[PDB]
Amino acid sequence: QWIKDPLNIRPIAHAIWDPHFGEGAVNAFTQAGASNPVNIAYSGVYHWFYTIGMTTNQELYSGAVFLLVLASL
Amino acid sequence: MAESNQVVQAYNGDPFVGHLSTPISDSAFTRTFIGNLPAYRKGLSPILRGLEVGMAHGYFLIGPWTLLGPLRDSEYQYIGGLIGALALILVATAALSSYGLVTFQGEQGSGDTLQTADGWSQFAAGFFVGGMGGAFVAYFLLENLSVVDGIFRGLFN
Amino acid sequence: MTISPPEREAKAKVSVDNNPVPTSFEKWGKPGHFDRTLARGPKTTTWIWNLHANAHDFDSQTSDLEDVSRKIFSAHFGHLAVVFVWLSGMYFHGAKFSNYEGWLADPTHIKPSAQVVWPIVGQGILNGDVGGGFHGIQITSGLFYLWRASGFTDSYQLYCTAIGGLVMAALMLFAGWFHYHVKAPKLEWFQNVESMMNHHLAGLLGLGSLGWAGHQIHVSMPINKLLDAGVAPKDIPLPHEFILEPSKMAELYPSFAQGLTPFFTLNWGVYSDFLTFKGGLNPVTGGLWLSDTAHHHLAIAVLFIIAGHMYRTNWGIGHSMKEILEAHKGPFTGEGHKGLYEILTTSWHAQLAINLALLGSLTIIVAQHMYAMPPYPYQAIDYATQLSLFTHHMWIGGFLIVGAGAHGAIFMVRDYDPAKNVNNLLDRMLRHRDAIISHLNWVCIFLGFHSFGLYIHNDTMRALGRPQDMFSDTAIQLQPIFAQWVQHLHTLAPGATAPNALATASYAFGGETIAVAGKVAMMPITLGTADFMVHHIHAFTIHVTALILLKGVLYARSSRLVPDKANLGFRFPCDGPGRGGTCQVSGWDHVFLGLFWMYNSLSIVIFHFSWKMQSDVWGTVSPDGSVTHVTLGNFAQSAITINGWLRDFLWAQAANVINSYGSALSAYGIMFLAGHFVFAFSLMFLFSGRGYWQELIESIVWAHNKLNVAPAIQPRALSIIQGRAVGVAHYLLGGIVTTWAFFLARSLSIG
Amino acid sequence: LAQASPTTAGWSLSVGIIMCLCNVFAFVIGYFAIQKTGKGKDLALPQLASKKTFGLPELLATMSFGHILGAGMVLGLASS
Amino acid sequence: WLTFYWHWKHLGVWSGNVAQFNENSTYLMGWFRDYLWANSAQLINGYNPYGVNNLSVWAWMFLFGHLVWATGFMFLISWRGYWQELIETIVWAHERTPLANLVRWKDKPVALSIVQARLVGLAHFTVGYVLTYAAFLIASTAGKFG
Amino acid sequence: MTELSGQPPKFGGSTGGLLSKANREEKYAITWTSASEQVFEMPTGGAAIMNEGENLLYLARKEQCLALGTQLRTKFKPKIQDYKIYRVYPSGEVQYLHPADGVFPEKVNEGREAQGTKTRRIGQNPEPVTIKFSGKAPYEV
Amino acid sequence: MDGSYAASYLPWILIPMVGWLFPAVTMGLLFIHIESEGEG
Ligand code: CLA
Ligand code: CLA
Ligand code: CLA
Ligand code: CLA
Ligand code: CLA
Ligand code: CLA
Ligand code: CLA
Ligand SMILES: CCCCCCCCCCCCCCCC(=O)OC[C@H](COP(=O)(O)OC[C@@H](O)CO)OC(=O)CCCCCCCCCCCCCCC
Ligand SMILES: CC1=C(/C=C/C(C)=C\C=C\C(C)=C\C=C\C=C(C)\C=C/C=C(C)/C=C/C2=C(C)C(=O)CCC2(C)C)C(C)(C)CCC1
Ligand SMILES: CC1=C(/C=C/C(C)=C/C=C/C(C)=C/C=C/C=C(C)/C=C/C=C(C)/C=C/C2=C(C)CCCC2(C)C)C(C)(C)CCC1
Ligand SMILES: CC1=C(C/C=C(\C)CCC[C@H](C)CCC[C@H](C)CCCC(C)C)C(=O)c2ccccc2C1=O
Ligand code: SF4
Ligand SMILES: [Cl-]
């Protein structure tokens, strides 16, 4: 989604799972179009992965599995 | 160094004992992991060993009948699982006790306080109490699965 | 001294002895000559049996490895001559007692037949009307389909082929005689394993598929191209006309206009009209595209010829297999493959165990690949041929595998030298045989409980009016999700991970429903709960057979029970009633038990094949497009219980066998009862022991002495080992003949 | 028609730029990798530089290997 | 043989069709098809993919008798030494498995004896024989006339 | 019986050797001298190497020891006939077993007392009915 | 607390496993280890 409208969409880093949250915080952190609590990323990693030619979640997942293998090596 | 890159050796240095020292049989990890299970953990009284083994077993034995028993598609699903697991742990306790009764008729040894009539009976007592307790607490958690779900999701605060 | 040719060696490693064994007939009249314990003659009837029992046991006849090797080589030539006689007989019956040309002119309205029965004592009824006024026995060997794919169109070509086969048999026979009696090759010659492998890879398998690619391109492909186009077989040119008139090829394949130049310049794509990667099947015939098979044989030939260059012989280039083997050793396995080169270059039984195991596995792979990727025109629509070929290759493979167990055991008893196997793979296998076998034992128990036990659970639940408590596709599901996933991968492959392929490798994985005439040739073979359960039955029975034979090999030398078993031999009945009883400890007895378990495994495999193909694949298709299967999709709900197999498979489909009286199928009912009788007969030998029979023979010998009619060759009851051998031979014969009659009646009576 | 595109006898690129180059590469790695280079039945005498350097079997085998390499490379560089 | 005879003849008699036995008992395919194969149809349908009836118990017992018979075949064909060696491997496995180590047998596990194998194989064989034929007899006669 | 001596054979181990019976019940020992370091077959599976000089090996049964002994005296170019087989109890008691009187049992040796000898033929055993309700069998009387 | 991503039942039990079970077990192991008075 961020690839489509990269200037108006905020990139999200990962989902939040905290049993401490109340209703207010749950509402406050379902943001950036997400349907569940989420943090927005500030590592610039979306811009990096998009610039170097990656466009789908399948590519990122294949990269992460390859890095699992490289770390194993 | 030297020439022994070999990972398998004679078991305990006696090649003529019918066993081999292998990564599964006699690695440092398995020695420390098996040797610290309730059955072998040093200095434990057999009552605590039985209690721990029974907790683990009673806890996990509730599942098969809970999801796959005949009452799984009834209003008494978790009660059905509990009844099954309790009856199974009762039969298991009778088996353990009969074993102790038959194998320790003669002179009692000395090195292993679990390998005696008194020790195996204490193990059976601990196993009974732990098995019944673990089965009942697994049943209680399952019978109130909605409150556990709301707890884990924060649906109550 | 017989015939003395010049020499025939050209700086070769060829080395022979001239005339070691003179040609003579005297020993033909001296039966048992090859065994010292037999040469004097018989005194009891046991002498007869052992004469047949040890006829090919060349080790037990001579201790000289060279003479054993020579006997084996000439025996191989004799066996090849036998196979040639048989194959030329097949081709002759196709030439003179078949309706081959008539079938070729119209293969959708005529049943292949190639055996005519003489009219005597009523048996003439076996000459069933197979179409076109032809009357005979319907054949299920697929000979017609092979002959059509090869491009046969005339009786005279089959006759010429039969004559060539007879000449080849004569040549093989003469070569066997020549290399045993006239020029016998030395032991040094047989041990040239590197050269033998180079030649069998590049020369036997590589040049074989190269020459066959040549025949397919020049004879099979244009002739079948015209046959499938509707051209009558008489209007089609003879095979040599396409080579004399290259314009015929060029108009059937425009690339031929360019000739061989694209080949030598690596411009192979020009050849894309006859070297193809279509996949799928031929729409007219239901078989694999012959162009695909020609491209396949070309690539296989290139592969094998390249492979035939790995090993060093006379020119320094290449590999020593001894070096390679010795280099492969690790922290888990001591010295590794050290000693394997010496074992496999001095022990015939070790080589035979390897080769039996692999050749049986290959025969099974052949059955499995030929059913789903039908290679011949009109074989898939002929469900009888399909079932028969699958089951035949299955049985051959199983027997070869059990033999591999036998010869691993014989190696252990006769050729294993402990001084030549110190801390190598074989030694370590022996040194943890207990771990191996106890674990295989437990895996078999687990696999049996959680496969057959699932069936028992389902039977009991269904009988108790509790269908919702069963393992089924409509209750508690056991979906084989990994096989489904790989099938999906195969179906997606033509468009992704196999781009230059047009269709799937097989429609069983998924895709279109290929039907020729009104019957389906192949269609997606879906997998569900019943398929899961029967696959685990297969894994279970294979594991038990492996358990038995592997225990046989690993304990052939010794066990905790019998620490000197090696001194007792490979074949022996026991070591007495002591130690609680030691019957059947030998490797031979492990082979004897593994035979029954292999028969069990394969019976279930072939029943699974028959029922699944009749229920979910085979059938007739309406012009509307829909399919109606032979047994109406009953597999999923019926194959999940033992009662389902007893009633909906065995009971239902046996109706053809038992009603075959009064028709051309009557012989199949006859042989159904025959197999049953032989099976029952085997139980006498298996359930008893020779002592009872020896005493009964004592009474009968008294009867004979009473009338002065007792023979000098005293009757003895069969030996313990022979009782078991007879029992198992009859068990397998009877059961297999039963299933054979059943299968043929069924698959011939189902359209 | 969906068929991998090869190349007609280029005889400028197909030859030295690929086939002879792959043959020279096979020459080099065989020279540096064959245990028994000149232990063949056939001496094929005048030991030279590379074209016919060490032994007839060395030459023939490294040349067959160079042709395998060159066939693979020509076909690959021309699509597939 | 005796009971097959009695039952097939009495089936023909009770049904009024003595001709079936009179004409088809002279050859063994007649027994195989008209007697054994036919009179199983209801028996093997005591339970079904479509439901259950009162012959369900007899179908289950029919399969049970088959299974017991086949099990007896094992004790009858495979003899003792093969089993004692396998049990030696299993004994080894028990002695060397931790946790299971804690437990030891009071009696040493050994394979069945020679005579015992003959007796037990025969006992299975006979149990299966009787239960199989009783299931068939009862179910067939009660499905036709019961 | 004093104290068994001899190097153990060079061997990497196996699963086929001693079990619980060896420590709970009884085990067996075989000693022998070898003129050379050389390979032999373990009755429990695989190959081992005997040392030059004295050798001492523990096995689970008497039969495994006698099988190794036959292998020693019938399968080596210079024979090995000096092997001795002992029974060993958990208490430490060692019972010399074979060869019983220092002479192999296949050949006569003076001083041996006949055991299990009968002064009759097999056919001269008494009828079982004549000895029924006793504890004996026709070969025990 | 929910999740629309794939296999959203995984944080449900992994968050307690990472926050409660993993630290309890690793601290217990390290505790018994640093207090181990086996000679050496
Ligand atoms: C600069 C050099 C060069 C270039 C770039 C190419 C380029 C190409 N080659 Mg080529 N090749 C070369 C050199 C080169 N080749 C040489 C020197 C040789 C001689 C050995 C070959 C021989 C070769 C063959 C035989 C083939 C190619 C193929 C291809 C295409 C492969 C497409 C693909 O993804 O494969 C496929 C991708 C996969 C992931 C498949 C792998 C899965 C396999 C089936 C696993 C099998 C395991 C196997 C049994 C284990 C081996 C046994 C043992 C020895 C270890 C590609 C365009 C293929 C082609 O032309 O397609 C039409 C093909 O058939 N090449
Ligand atoms: C009237 C006398 C009496 C009574 C009230 C009990 C009562 C009890 N016994 Mg005991 N038992 C008795 C006599 C008695 N026992 C005797 C004489 C022996 C020696 C043979 C045993 C040996 C025995 C063992 C080994 C065990 C018990 C156990 C138990 C408890 C489990 C419930 C049960 O077994 O069902 C009720 C039982 C009866 C109504 C019949 C009692 C009389 C018979 C002979 C008892 C036979 C024991 C049997 C092998 C175990 C039953 C298996 C189980 C699945 C029920 C229970 C409270 C189990 C336990 O948890 O102990 C902590 C167990 O492990 N009993
Ligand atoms: C390219 C050379 C070549 C070929 C084709 C063969 C082929 C064969 N060998 Mg042989 N072998 C060779 C070289 C070769 N070998 C060398 C160099 C050695 C010494 C190391 C051996 C030593 C060896 C031994 C010890 C044995 C064999 C055996 C066999 C046969 C068993 C396999 C089989 O039955 O397949 C299928 C069978 C056939 C296809 C039948 C055809 C057989 C005919 C005679 C071959 C004619 C081909 C010939 C080159 C003419 C072709 C030219 C033209 C017509 C195209 C087989 C026919 C075994 C055997 O069966 O002994 C008889 C055997 O035990 N080989
Ligand atoms: C053992 C199998 C076999 C057999 C015996 C034949 C036999 C025959 N084929 Mg056939 N063919 C085969 C396999 C086989 N083929 C395969 C696998 C293919 C697929 C590639 C083909 C495809 C094919 C085609 C397209 C044609 C034939 C043709 C022919 C006939 C004439 C060719 C010939 O031999 O003249 C003698 C050959 C030569 C003198 C070759 C010299 C020409 C070149 C320039 C020499 C180069 C060689 C040199 C060492 C390599 C270096 C080159 C590099 C430096 C540039 C002949 C009867 C031709 C025909 O008659 O059609 C009916 C024809 O057009 N075949
Ligand atoms: C290329 C395959 C191959 C090779 C050449 C050998 C070679 C050999 N085997 Mg082996 N073996 C094989 C496959 C093979 N076997 C298979 C497939 C099996 C599984 C059944 C075995 C199982 C096996 C056993 C158990 C034994 C051997 C033995 C032997 C040796 C003696 C041969 C013999 O028995 O003489 C003569 C052959 C016979 C008397 C066969 C007659 C009985 C057959 C089975 C009747 C078949 C009936 C027919 C097919 C159909 C019915 C027709 C009827 C109605 C008229 C010999 C060196 C024996 C040995 O001691 O090895 C040293 C032995 O103990 N093999
Ligand atoms: C249908 C007849 C039959 C049956 C039931 C068996 C049973 C078995 N055979 Mg056997 N066999 C048979 C015929 C049979 N055999 C014959 C005729 C021969 C002669 C060749 C052999 C020769 C043979 C050999 C040589 C070997 C076997 C092996 C095995 C075992 C395989 C492991 C296993 O399946 O674990 C699980 C057990 C089962 C699936 C049996 C059914 C259990 C049911 C479904 C559940 C039980 C319900 C419950 C316990 C009932 C309790 C009632 C209550 C009142 C107490 C197994 C127990 C192999 C073995 O031992 O592997 C380790 C082995 O090596 N068999
Ligand atoms: C170091 C990389 C990294 C980091 C920092 C995180 C961070 C997080 N993950 Mg994730 N994870 C990772 C890699 C990582 N992940 C990978 C590669 C996978 C695929 C195997 C997953 C699969 C995974 C799942 C299924 C889940 C999380 C979840 C979470 C969150 C809760 C913690 C948890 O339960 O983790 C659990 C982690 C695992 C079960 C797999 C182990 C992760 C890697 C392979 C090991 C990392 C080792 C690390 C480098 C050691 C260095 C530590 C250092 C201090 C010395 C958390 C924000 C939960 C979540 O999404 O929250 C809502 C959730 O349920 N992770
Ligand atoms: C459906 C398949 C997916 C499910 C996964 C199942 C996992 C099964 C276990 C993984 C395989 C382990 C063997 C490789 C591991 C391996 O080979 O490691 C390597 C090691 C030897 O390595 P070395 O360094 O000594 O190599 C030197 C060589 O040159 C040989 O001398 O092997 C051993 O240690 C022998 C022990 C084998 C005993 C394990 C076998 C257990 C039998 C069950 C295996 C089932 C496989 C079924 C698949 C068809
Ligand atoms: C035959 C041969 C040649 C032909 C080669 C051919 C035909 C293809 C070669 C392709 C190659 C050599 C591909 C190399 C890929 C290397 C990669 C991909 C390395 C590292 C990736 C890393 C370290 C991780 C990256 C990450 C990932 C995973 C992410 O997803 C996020 C970004 C980042 C974190 C960076 C030529 C003729 C040329 C020379 C002669 C020999
Ligand atoms: C992962 C892994 C593993 C595994 C593990 C397992 C298999 C386990 C499971 C686990 C378990 C299985 C656990 C458990 C838990 C339990 C518990 C925690 C319990 C309980 C109980 C209770 C708490 C009770 C109480 C009571 C009583 C006692 C009395 C009164 C009543 C009541 C109920 C109150 C290992 C390490 C091997 C390896 C690596 C990986
Ligand atoms: C019946 C039986 C016998 C008696 C069987 C005997 C004595 C064999 C009789 C064979 C006859 C003499 C030959 C008939 C078969 C011929 C081989 C077939 C030749 C046919 C041609 C003439 C065409 C045993 O010796 C025995 C031993 C161990 C376990 C079980 C049994 C067992 O069950
Ligand atoms: S019954 Fe037969 S096989 Fe078994 S021990 Fe006795 S003689 Fe040997
Ligand atoms: Cl059913």
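Throughout, a chain's letter reflects where its sequence line sits, starting with A, and its residues are numbered from 1.
- Remark: aromatic rings of C:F609 and C:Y371 are close, center separation under 6.0 Å.
- Listed by chain and residue number, nothing satisfies the ring pair (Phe, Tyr, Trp, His ring centres under 6.0 Å) test with C:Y376 (two or more places apart in sequence, or in another chain).
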Which atom pairs, donor and acceptor, lie under 3.5 Å between side-chain atoms of residues 195-211 of chain C and protein residues at least two apart or in another chain?
{"residue": "C:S195", "atom": "OG", "partner": "C:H199", "partner atom": "ND1", "Å": "3.1"}
{"residue": "C:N198", "atom": "OD1", "partner": "C:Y311", "partner atom": "N", "Å": "3.4"}
{"residue": "C:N198", "atom": "ND2", "partner": "C:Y311", "partner atom": "O", "Å": "2.8"}
{"residue": "C:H199", "atom": "ND1", "partner": "C:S195", "partner atom": "O", "Å": "2.5"}
{"residue": "C:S209", "atom": "OG", "partner": "C:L205", "partner atom": "O", "Å": "2.8"}
{"residue": "C:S209", "atom": "OG", "partner": "C:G206", "partner atom": "O", "Å": "3.1"}
{"residue": "C:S209", "atom": "OG", "partner": "C:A301", "partner atom": "N", "Å": "3.4"}

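- Between C:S88 and C:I163, every side-chain heavy-atom pair lies at or beyond the 4.5 Å cut-off.
- Between C:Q614 atom CD and C:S747 atom OG the span is 7.5 Å, to the nearest 0.5 Å.
- The number of heavy atoms from other shown groups lying within 6.0 Å of CD (C:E241) is above 12.
- The line from CZ of D:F65 to CD1 of C:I306 is 10.0 Å long, rounded to the nearest 0.5 Å.
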Please list, one pair per line, the donor and acceptor atoms closer than 3.5 Å that link side chains of residues 286-295 of chain C to other protein atoms, with sequence neighbours excluded.
{"residue": "C:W289", "atom": "NE1", "partner": "C:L281", "partner atom": "O", "Å": "3.1"}
{"residue": "C:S291", "atom": "OG", "partner": "C:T276", "partner atom": "OG1", "Å": "2.6"}
{"residue": "C:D292", "atom": "OD1", "partner": "C:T276", "partner atom": "OG1", "Å": "2.5"}
{"residue": "C:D292", "atom": "OD1", "partner": "C:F277", "partner atom": "N", "Å": "3.4"}
{"residue": "C:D292", "atom": "OD1", "partner": "C:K278", "partner atom": "N", "Å": "2.9"}
{"residue": "C:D292", "atom": "OD2", "partner": "C:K278", "partner atom": "N", "Å": "3.3"}
{"residue": "C:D292", "atom": "OD2", "partner": "C:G279", "partner atom": "N", "Å": "2.9"}
{"residue": "C:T293", "atom": "OG1", "partner": "C:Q216", "partner atom": "NE2", "Å": "3.0"}
{"residue": "C:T293", "atom": "OG1", "partner": "C:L290", "partner atom": "O", "Å": "2.7"}
{"residue": "C:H295", "atom": "ND1", "partner": "C:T276", "partner atom": "O", "Å": "3.0"}

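- For the atom pair C:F97 CZ and C:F92 CZ, the distance stands at 5.5 Å (nearest 0.5 Å).
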query = Can you list the steps and then say if C:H215 with C:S220 is a side-chain contact (heavy atoms from CB on, under 4.5 Å)?
reply = CA-CA 6 Å; C:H215 168 93; C:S220 298; 3.2 Å; yes

Please report, to 0.1 Å, the donor-acceptor pairs under 3.5 Å made by any side chain of residues 69-80 of chain D, with sequence neighbours excluded.
{"residue": "D:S79", "atom": "OG", "partner": "D:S5", "partner atom": "OG", "Å": "3.4"}

request  = Go through the steps for C:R746 and C:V630 under the test side-chain contact (heavy atoms from CB on, under 4.5 Å), then give the verdict.
outcome  = CA-CA 11 Å; C:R746 177 54 174 180; C:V630 187; 4.3 Å; yes

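- To the nearest 0.5 Å, atoms CG (C:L266) and NE2 (D:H67) are separated by 9.0 Å.
- C:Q386 contributes atom CD, which lies 11.5 Å from atom OG1 of C:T140 (distance to the nearest 0.5 angstrom).
- Exactly one of C:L389, C:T385, C:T391 qualifies for a side chain to side chain contact (heavy atoms under 4.5 Å, CB included) with C:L387. That residue is C:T391.
- Heavy atoms from other residues, nucleotides or ligands lying under 6.0 Å from CH2 of C:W212 number more than 12.
- One distance of note links CG of C:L166 with CG of C:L87; it measures 10.0 Å at 0.5 Å rounding.
- Of all the heavy atoms in C:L227 and C:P233, the pair that sits closest is CD2-CG, 3.9 Å.
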inquiry  = C:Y253 vs C:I217, test: side-chain contact (heavy atoms from CB on, under 4.5 Å). Steps then yes/no.
reply    = CA-CA 10 Å; C:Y253 306 103; C:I217 293 177; over 6 Å; no

Donor-acceptor pairs under 3.5 angstrom involving side-chain atoms of residues 486-498 of chain C: please list them, not counting sequence neighbours.
{"residue": "C:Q487", "atom": "NE2", "partner": "C:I525", "partner atom": "O", "Å": "3.1"}
{"residue": "C:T491", "atom": "OG1", "partner": "C:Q487", "partner atom": "O", "Å": "2.9"}
{"residue": "C:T491", "atom": "OG1", "partner": "C:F509", "partner atom": "O", "Å": "3.2"}

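- In this structure, the side chains of D:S64 and D:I68 stay at 4.5 Å or more apart for every pair of heavy atoms.
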Would you give me the side-chain donor-acceptor pairs under 3.5 Å for residues 141-150 of chain C, sequence neighbours excluded?
{"residue": "C:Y145", "atom": "OH", "partner": "C:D382", "partner atom": "OD2", "Å": "2.4"}
{"residue": "C:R148", "atom": "NH1", "partner": "C:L104", "partner atom": "O", "Å": "3.2"}
{"residue": "C:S150", "atom": "OG", "partner": "C:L146", "partner atom": "O", "Å": "3.1"}

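- No more than 12 heavy atoms of other residues, nucleotides or ligands lie within 6.0 Å of OH in C:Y159, so this atom counts as exposed by the packing criterion.
- Few gaps surround CH2 on D:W11; more than 12 heavy atoms of other groups in view lie less than 6.0 Å from it.
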request  = In sequence, state the C-alpha distance, the side-chain angles, and the governing distance for C:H538 and C:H608, and then conclude on side-chain contact (heavy atoms from CB on, under 4.5 Å).
outcome  = CA-CA 10 Å; C:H538 296 337; C:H608 169 208; 2.9 Å; yes

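- Residues C:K248 and C:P237 meet the side-chain proximity criterion, which asks for heavy atoms closer than 4.5 Å.
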